[PDB]
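As structure tokens, one chain now follows by itself in the form deposited without the DNA.
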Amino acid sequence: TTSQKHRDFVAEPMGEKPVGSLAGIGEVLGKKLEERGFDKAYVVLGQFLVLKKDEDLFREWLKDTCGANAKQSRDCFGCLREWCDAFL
């Protein structure tokens, strides 16, 4: 299943949406991503793409970068994968 946050994100181009629009990225994770330069959702998309959409490596990178737990990183990965299938 998916959250409404996921469905809202995968429904449209992301433009300049902030990193907190990504499913799984709440205020805590969002703060830590911004601190490390990932202030917009597209920058995280960038990392997803540099990693060739690899689920294991992206979710691990997210954990190491902002401390995402497994549910959060699952949610974030899934919303980026579905967005790419629709728009990339």
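All residue numbers are counted from 1 along the displayed sequence.
Beyond what is shown, the protein has a form deposited with the DNA bound; the following relates to that form.
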Contact label in the entry with it bound: residue 41 to the DNA, heavy atom within 4.5 Å: no
Interface membership of residue 56, the DNA in the entry with it bound, 4.5 Å heavy atom rule: no
Residue 29, heavy atom within 4.5 angstroms of the DNA in the entry with it bound: yes
4.5 Å heavy atom contact, residue 23 to the DNA in the entry with it bound: yes
Neighbours of the DNA in the entry with it bound among 46 to 80 [non-hydrogen atom within 4.5 angstroms]: 69, 70, 71, 72, 74
